[PDB]
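Asker: Mind having a look at this structure? Questions to follow.
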Amino acid sequence: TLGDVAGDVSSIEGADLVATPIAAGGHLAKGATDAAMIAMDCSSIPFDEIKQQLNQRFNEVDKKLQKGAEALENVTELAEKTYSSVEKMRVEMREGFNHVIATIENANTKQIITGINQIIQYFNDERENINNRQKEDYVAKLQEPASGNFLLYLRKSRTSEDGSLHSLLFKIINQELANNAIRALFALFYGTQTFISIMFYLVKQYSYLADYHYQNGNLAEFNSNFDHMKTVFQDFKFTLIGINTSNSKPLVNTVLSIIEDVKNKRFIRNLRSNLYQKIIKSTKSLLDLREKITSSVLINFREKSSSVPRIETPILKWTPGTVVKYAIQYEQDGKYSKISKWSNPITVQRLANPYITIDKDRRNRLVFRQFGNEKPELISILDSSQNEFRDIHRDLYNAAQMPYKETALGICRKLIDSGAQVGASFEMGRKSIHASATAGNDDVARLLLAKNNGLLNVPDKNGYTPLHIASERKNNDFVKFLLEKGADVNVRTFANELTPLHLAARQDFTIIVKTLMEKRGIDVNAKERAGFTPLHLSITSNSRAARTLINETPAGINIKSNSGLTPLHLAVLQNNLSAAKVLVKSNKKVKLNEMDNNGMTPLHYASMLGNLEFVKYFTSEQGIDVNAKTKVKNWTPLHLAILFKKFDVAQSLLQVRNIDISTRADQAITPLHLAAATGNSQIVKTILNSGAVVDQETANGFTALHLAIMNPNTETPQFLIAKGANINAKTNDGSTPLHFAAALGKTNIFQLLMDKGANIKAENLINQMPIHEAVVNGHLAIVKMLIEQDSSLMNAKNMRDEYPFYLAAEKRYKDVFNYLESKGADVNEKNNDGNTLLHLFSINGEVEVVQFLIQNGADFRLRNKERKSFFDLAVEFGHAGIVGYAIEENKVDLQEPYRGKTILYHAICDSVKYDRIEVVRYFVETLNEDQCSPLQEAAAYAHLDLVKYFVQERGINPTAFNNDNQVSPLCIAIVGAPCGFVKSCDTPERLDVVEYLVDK
């Protein structure tokens, strides 16, 4: 919500301090209140993230060039639009791409996938790394040598070139037509999204640096950077719209074709694919826009010079002995084209009389002229013709800008006598009069008053009137002597409309605001773009400005601003005590409880910022409106003080005046819970000494006891014990704090709970025995005491088919496991209800806990209740790796006859029963086939995946031998004589392999 930031920085008053109230509104607009949030182990994260976003907003706003530097700001805004849209896509894609790490190592060559992941994260980190520097540091580090176009060099052609992985990856999705395919498809999808992000960001940053160094830096490398981003944009245009036959197909269109083939598959998958379908629209929009972009003008022009001998003037602003190098640029319909050349840079010892022999054109020409250094660099903005008049106009403008008024009057007289026509625009704006206003020169304007229409109301690029410009120049008497002409007094500027009264407030000019107020009866409480009065914009000046403006004239002392900010609010924020004092001493109709847009009063800001003197002054002086509920969910300043870990202010606010403790803040939150969350013994003891409730359960069913337990502090537990708190408590789930106490891992607090009658027998709606938590979190001592207390109740059953030793197992903590096994716990063969525990983990795809318990001495050769082998179970769900580690452990290589079955008879049956491709690939990794032809076994049930895989990993035809029409699986599948697997041939797999065999 950086738009709110812009609206609230329209008043330059307190940018960061007036950015804090949007964090306060986020506190007010987001449904934060719940026990996890109250623990504040979270709150710091969202608030720090909001502060970091605000820091990004500020350290990008301060880099921005104001207006009218080079017309390619249209290109820049096109950038920000399309770019930022790419991040609306990319932020949502990020949470999904976090999931792909779960299924790592399913392809042999996933190192390229992790390489692209680390590359994209590397530049995502660098974006914020560079994005927090200073202006000069920003430009220097974007000009940093030995890296330069580091991103361009990295993204040009690398060993991890996406074209190589592109074909094989589309083969992986072709497998998905029949998973790792989803994982790597989304890897490349995020890849192309971040590639378009790279392109937009790169062209944006080239544009920004071109503008930055084009503001009087140098036009030469400005044109160089112009060519640079033109080349980059057309390079991407070629890479994704290629008009070369001997070139790779565009990535975006091939991805699209994959999307149609996937939807043609008509199969189910994870919701990640659904997010992909949601992002399809964004991808196609980005495509269409990228081909519709092609921006700036594409051409340059040529011109010449000519010395006009009409008049001769001795001039010093036109410095003698300097070069007359000039150049022109194109500017039409809000676009620009840069050029840089002066074939005849001359150093004539004459006036500004040399005109330009510019060839006529249909495009408006901006003509600059150069001494050989950094100049205004804006002299003519013409359409058809001009004969050296622009140079005279530039001399007039810069002379007006000169502060030497005593000589400015003489030089302006001598130039206007020569015919220095006025009204021309400079720096793409009507300036000259405003340049004089900046310099504060008097006689120059008083003799230009011949053009009464101009000086009266001439606007600027942003509509800055000469009154607006002179209002921030300390030039009081000159404003006096130029005001008699009767200029408009409610006139404003174009963008971020402001009156000169509005703008004078920040610059602390009491004399100037006086000068304004004792002339006519001018409006004083006039608003502006964000709905602010000049009173609001004065307090940061922290001097006599506002103190004067309060009482010297009637004004908008209490006016509801559009942002909801009043002088009281600002005086609170920017920590201006004297302004608050003088505002209180006015004793006019200054309402104190005037709500803002958010819904919380200046006292609330004072508490949140944690300013002691403001709080006590507010509690003492006014004696009115010192504690009340807020607009939506009824906060108090004390609540804010507790939340933001400000203590001294908290007990000060308690001791200044009676503040009700029975308050009903959101979810009936009394500040006892908040104080417990902070964990300050003196604060909580003082609150209880104030007659506070001891065991008030909140609307979520939480009391301060649980939350205090989750706090690291250990004293307020005993404090709550002493102050009569129900030890046997019921949370939102009806849970008991023993669960949380064990979860955190405080042995001594747990012992105290046990001493005061806590009951281990307690549970929740899903009957969580505290042993479950005590083992999943993991610690020795809690287990020791609970055993010594009540024999673990033989580790009773949970909701799922779980025996607490199971959780202790997949936790894999050495000491507790050894303790449980030594003193008697669940063991592998006690799983008689179904198969054994080893036979049970492999069903749920266990990888490491099985191996670690085997090396923990657990037996291996047990036979399950279902006669079906542990190796076979490992094979059945893609876990033959455990069989391999059994081989290296030398458990047994199952080639010995089990009911006549050997290693080959164990590779056949399960790979027919289940489609574990990786297990077959591991079997062939342990290189052997034993003349097996699993293609024909698959075709016995006509499974196309396995027959295609055998074809691709062997190359032999699916029918190598011949017989009396019975050896071929095609005839077996089609004729289906003895009703064996015939009545269920309706499955398309029965005709799938038919074609892959007919084709050969």
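Just so we're on the same page: first chain in the structure tokens is A, next is B, and so on; residues restart at 1 for each chain, and ligands are numbered from 1 in the order they show up.
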As a ChimeraX atom specification, please: every residue in segment 100-277 of chain A that DSSP puts in helix (DSSP H, G or I).

Answerer: /A:100-103,111-130,135-142,150-156,162-177,180-214,219-241,251-265,271-277

Asker: Name the residues in contact with residue 356 of chain A at a cut-off of 9 Å, using only C-alpha atoms, excluding same-chain residues fewer than 3 positions from it; report them as a list in words.

Answerer: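 These residues fall inside the cut-off: residues 303, 304, 305, 306, 307, 326, 386, 387 and 388 of chain A.
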
Asker: Pick out the residues sitting within 6 Å of segment 668-677 of chain A, and hand them over as a list in words; count only C-alpha atoms, and ignore anything fewer than 4 positions along from it in its own chain.

Answerer: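 The contact residues come out as residues 39, 663, 664, 684, 698, 699, 704, 707 and 708 of chain A.
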
Asker: What's around residue 779 of chain A at 12 Å? Count only C-alpha atoms, leave out sequence neighbours fewer than 3 positions away in its own chain, and write the answer as a list in words.

Answerer: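 Everything that qualifies: residues 742, 743, 744, 745, 746, 747, 771, 772, 773, 774, 775, 776, 782, 783, 784, 785, 786, 808, 811, 812, 813, 814, 815, 816, 817 and 819 of chain A.
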
Asker: Considering only C-alpha atoms, state which residue in the set A:834, A:993, A:853, A:692 is at the smallest distance from residue 868 of chain A.

Answerer: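 Among the listed residues, the smallest separation from residue 868 of chain A belongs to A:834.
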
Asker: Looking at only C-alpha atoms, which of A:982, A:100, A:232, A:820 is the one that sits closest to residue 795 of chain A?

Answerer: A:820

Asker: Which residues come within 8 Å of residue 214 of chain A, counting only C-alpha atoms, excluding same-chain residues fewer than 4 positions away, as number ranges by chain?

Answerer: A: 69-70, 210, 218-219, 222

Asker: Let me see the file: selected residues, N, CA, C and O atoms, as a PDB file, in the first residue's frame.

Answerer:
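And here is the file that came out, selection09.pdb:
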ATOM      1  N   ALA A  69      12.620  15.875 -16.739  1.00  0.00           N
ATOM      2  CA  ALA A  69      14.050  15.770 -17.012  1.00  0.00           C
ATOM      3  C   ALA A  69      14.298  15.337 -18.454  1.00  0.00           C
ATOM      4  O   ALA A  69      14.879  16.087 -19.245  1.00  0.00           O
ATOM      5  N   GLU A  70      13.864  14.129 -18.805  1.00  0.00           N
ATOM      6  CA  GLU A  70      13.826  13.672 -20.191  1.00  0.00           C
ATOM      7  C   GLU A  70      12.565  12.844 -20.367  1.00  0.00           C
ATOM      8  O   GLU A  70      12.282  11.968 -19.545  1.00  0.00           O
ATOM      9  N   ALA A 210      19.956   6.351 -16.763  1.00  0.00           N
ATOM     10  CA  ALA A 210      20.039   7.276 -17.885  1.00  0.00           C
ATOM     11  C   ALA A 210      19.458   8.632 -17.513  1.00  0.00           C
ATOM     12  O   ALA A 210      20.043   9.675 -17.816  1.00  0.00           O
ATOM     13  N   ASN A 218      25.949  14.060 -18.313  1.00  0.00           N
ATOM     14  CA  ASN A 218      26.500  14.078 -19.663  1.00  0.00           C
ATOM     15  C   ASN A 218      25.516  13.434 -20.629  1.00  0.00           C
ATOM     16  O   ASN A 218      24.936  12.386 -20.331  1.00  0.00           O
ATOM     17  N   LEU A 219      25.325  14.060 -21.788  1.00  0.00           N
ATOM     18  CA  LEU A 219      24.414  13.506 -22.783  1.00  0.00           C
ATOM     19  C   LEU A 219      25.049  12.337 -23.529  1.00  0.00           C
ATOM     20  O   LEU A 219      24.337  11.497 -24.092  1.00  0.00           O
ATOM     21  N   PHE A 222      24.556   9.196 -21.689  1.00  0.00           N
ATOM     22  CA  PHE A 222      23.100   9.085 -21.687  1.00  0.00           C
ATOM     23  C   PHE A 222      22.607   8.422 -22.967  1.00  0.00           C
ATOM     24  O   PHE A 222      21.788   7.497 -22.925  1.00  0.00           O
TER      25      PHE A 222
END

Asker: Give me, as JSON lines, the closest atom pair and its distance (Å, one decimal) for every residue of segment 411-464 of chain A within a cut-off of 10 Å of segment 489-510 of chain A, counting only C-alpha atoms, rows sorted by chain and rising number.

Answerer:
{"residue": "A:457", "atom": "CA", "partner": "A:491", "partner_atom": "CA", "distance": 8.4}
{"residue": "A:459", "atom": "CA", "partner": "A:493", "partner_atom": "CA", "distance": 7.8}
{"residue": "A:460", "atom": "CA", "partner": "A:493", "partner_atom": "CA", "distance": 8.2}
{"residue": "A:461", "atom": "CA", "partner": "A:494", "partner_atom": "CA", "distance": 8.0}
{"residue": "A:462", "atom": "CA", "partner": "A:494", "partner_atom": "CA", "distance": 4.8}
{"residue": "A:463", "atom": "CA", "partner": "A:493", "partner_atom": "CA", "distance": 4.3}
{"residue": "A:464", "atom": "CA", "partner": "A:493", "partner_atom": "CA", "distance": 5.1}

Asker: Of the candidates A:317, A:30, A:581, A:520, which one gets nearest to residue 614 of chain A if we count only C-alpha atoms?

Answerer: A:581

Asker: Using only C-alpha atoms, find the one residue out of A:589, A:485, A:891, A:473 that sits nearest to residue 860 of chain A.

Answerer: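 Closest candidate: A:891.
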
Asker: For residue 241 of chain A, list every protein, DNA or RNA residue within 7 Å, evaluated using only C-alpha atoms, and leave out those in the same chain fewer than 3 positions away; present the list as a PyMOL selection string.

Answerer: chain A and resi 237-238+250

Asker: For residue 732 of chain A, work out the shell of residues within 8 Å, counting only C-alpha atoms and skipping chain neighbours fewer than 5 positions away, then give it as a list in words.

Answerer: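 The filter keeps residues 700, 701 and 702 of chain A.
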
Asker: Rounded to one decimal place, report the atom CA of residue 870 of chain A-atom CA of residue 809 of chain A distance in Å.

Answerer: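 So the answer is 18.2 Å.
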
Asker: Nearest to residue 208 of chain A: which of A:65, A:328, A:721, A:112 is it, counting only C-alpha atoms?

Answerer: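 Closest to residue 208 of chain A, using only C-alpha atoms: A:65.
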
Asker: Of the candidates A:410, A:978, A:712, A:372, which one gets nearest to residue 342 of chain A if we count only C-alpha atoms?

Answerer: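 When distances to residue 342 of chain A are compared using only C-alpha atoms, the smallest one comes from A:372.
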
Asker: In Å, with one decimal, what is the gap from atom CA of residue 791 of chain A to atom CA of residue 753 of chain A?

Answerer: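 Atom CA of residue 753 of chain A lies at a distance of 18.5 Å from atom CA of residue 791 of chain A.
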
Asker: Using Å and a single decimal, report how far atom CA of residue 799 of chain A sits from atom CA of residue 827 of chain A.

Answerer: 20.1 Å
